[PDB]
Structure formats: C-alpha cells, structure tokens
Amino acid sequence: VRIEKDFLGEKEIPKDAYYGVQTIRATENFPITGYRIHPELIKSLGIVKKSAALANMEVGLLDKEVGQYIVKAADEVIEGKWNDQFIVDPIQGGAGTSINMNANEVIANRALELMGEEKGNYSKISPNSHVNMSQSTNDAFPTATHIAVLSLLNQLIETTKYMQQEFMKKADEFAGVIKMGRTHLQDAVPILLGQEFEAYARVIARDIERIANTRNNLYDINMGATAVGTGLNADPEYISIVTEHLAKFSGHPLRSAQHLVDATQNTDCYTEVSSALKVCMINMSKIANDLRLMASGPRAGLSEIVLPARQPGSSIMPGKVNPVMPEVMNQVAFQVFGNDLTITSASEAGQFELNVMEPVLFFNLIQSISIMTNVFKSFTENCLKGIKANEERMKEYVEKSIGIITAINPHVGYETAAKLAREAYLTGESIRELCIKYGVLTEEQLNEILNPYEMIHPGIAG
C-alpha cells in the first residue's frame, strides 16, 4: 500500500496499481453501474496519448527523455496489457475527465516504473503536465471515442457483410421453393421462399451501406481544440503532427475538423451512427419475427422452416423447438432502440461549448455496435447457415389454396374463375382437381400455369 494526497485528503493506493488518487475519487463519486469502459476505448486512449507524446516531443514542448518512456507505456496500453487498471464508471459526471485521467495516471505510473522511479512521483512524470500536455478532456476524450467507434464499426461492417452473404446463399438455396405469400397474415398469392430471403438479404445490404456512410463524419476529430475549440496557445504544428499520428496509429483516414469550435460542441456524428444502427435493428427484428412465425409448430403452426436446435428439448415432449437465436436477435434490437433514445436525450442536452452528457452517450453507442456485432456472429453461425425448408408442407399450402386462382384467372376468364373460387371455398376441393373435373383446362396446360417460376414473375395475361 502507497500514500497519495488530494484536495480531499490521503488515500491508500495498492502498490501494484497504476491508477492514483484521481481515479479513486472518481470511483467514490460514481459507483453507478459497476462496469468498466470497452477495451477498444482503452486502446484508443493509448493511441491518443502516444500520438500526443510524440507530437509534443517533436515540437520541443516535451522532454525527450521522459517522453520516450511515456510512449513505451502508452504502447503497452494499446496492446491491452493494462485493461484491469481502467476502473472508472462509463456513466460518470465530469464529461469524461475521469476516463482521461485514468489514462494519464496509468501511463505516467507505468512510465515512471519503466525509468526505475517510484510510482506517484508526479514530479518526475506528471499525469497532467506531461501525459496530458497540450490536451484537454474536451479533445482527448472525444478523439479516442471517434477512433474506438470507427474501429468497432469496421468490425460490425465485416460481420454484417458475412451475415448478408449467408442470407443470399439461403435465397439461392430456396430459389425454387414455392410457398403461400401472406398479407395481413391472411393467405395471398404464391411466393418463393428464396424471394423472401433475397428480401432479407437486400434490406441487409442497405443497412451495411447506411452504417458505412456514418463513418465519414467521425473522421473529423478536434485534437488541438483545448477547452472550447479556440485552440488558445496550441501550436498549429502540434495540431498537424498529432492528427497525422492519430491516423497512422488508428488505421483511419482522420482529418482535423475544419472548424474546431463546431467539432468541440456538436454531437451529431454520434446520433448519426446510432440512427443507422437502429434502422438496421428494425429490419433485423422484423426478419427475426418472420423466422419465428415460419418455425412455429410442429403441428398447430406454420411450420414452413426448420431452425437448428440450440437448447436441449423436453426429453418427454419432441417437436418443440424454440427459436432461441431469432429471439435473442429481437431482444438486442430492443436494446438498440432504447440505447438510441438515451443517445438522443444525451445529445440534445448539450450546452454552449460542451455536451457534458457524452459519457452515457458513448457508453450506449459502443454497447449498441458491440451487441449487434456479437448477435450477428452467433445468429449467423448458430441459426442462419443451418436453416432448412419443409418443401412438401409449403407446396401443399399452395395446392390447396384459393389464391392460385389468380394464376389461372386470365386463361379461363373472370367468369369461370369466380365460380371455381367460390366452389373451392364451400367444398374445399383442390383448384387443380376442379379445372380437370369441369374440363376448362387440361392436365398439361395447368402444369405451365401452376409452375413455380411462372407464378412468381411478370408475364403474359389479358
């Protein structure tokens, strides 16, 4: 145990800890959720502190002997070597100061240790003076967040694409599977199961497109903004160098925003991201609902498809296969809807040159991207690739249906069709085994009218 001192008094900090008194006070102030910030945000903080250390050394502001160790420590943070030292709550007042200071304290203490000094000796390496040199909370925090959000969006994009590609493969696989289209949940006209899955795949491709476009506004960062965006005393060469480093180490084509005040006080880039995720989850939710309806049964349901079994069934009641993978998809969508409201409210609560409600916004943005990335993985792997069709049941739904008289209609006339429809309604007799009974269409010409392909695509009529 070690002994750090504060405007509030002494606090005993374990010798093996890299955080200090400020981080502790933060945990005292905000024991709200018990969560820790996403390791990608931790990594991103390291990137910011590395870039800034490097830039400050380059412009002569930071001593090269201490900077060298500051860089080595930050690198270790980037590699995920110190995740457990980041202990502040994601829901914290102070507009992210605690998060920023946790990163400054840990990097300063690891630097000091790397140079054979004691921890807490902030005279040698100051969390504020050296590690946070030329930065404010108001630029270090949002810039690390932009970077972390962008990296997680690239992962969600490559996971959604994989999933989208597998929906397409199912579409192709069910390309000739004839079924009964439903509107208002009432039997309509024939459709191909492959057309439904292409529908799912096409909406998902438009989701990928929307989510990808939201990265553009995140590429503008406010590094060099200082407290408010005015850049008071900031060296314009520091700004140029720090941005360039941030882009190189993050892997993103970062730009210094054209108007730093704007970039410092506005939060539309995050609401833009959340909006696209919500839209995407709306579509996923609907698809999941369909999949669950289609899997219903086995005897009093639609029983159109089979989903892979993913929980042990009742060992005394077969046939009951709960669609747990789509269900979880639905509940995530619901998280994301809720997350989006929180983001919305946090964003409109901004005042003058800072929105102080970012910590709950970022926590929610990051949670959204992360849970989506994770359900897409498990749904794809555990449900989607394995989906099978009950093609006999769906073909019988079509043959015994009334709506197929729409395909026959123009070959026999509005007269004949309505008599056949009304009789198939009262007697429940097949429409096919009725055209041949009356002799209006031969066995051979029914076969080209009631063909799966002909019935579900534009072609000759009146």
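Residue positions are given as counts along the sequence shown, with the first one as 1.
Between 86-94 and 306-314, the higher mean Cα B-factor belongs to 306-314. Stretches 323-331 and 379-387 differ in mean CA B factor, with 379-387 having the higher one. Of the candidates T33, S401, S51, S44, it is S401 whose Cα B-factor is highest according to the PDB record.
The entry lists a Cα temperature factor for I287 that places it in the lowest third of the chain's modelled residues. Among all modelled residues in its chain, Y122 ranks in the highest third by Cα B-factor. Among the modelled residues of its chain, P190 has a C-alpha B-factor that falls in the middle third according to the deposited record. When the modelled residues of the chain are ordered by C-alpha B-factor, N233 sits in the highest third.
In this PDB entry, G116 carries a Cα temperature factor that places it within the highest third of its chain's modelled residues.
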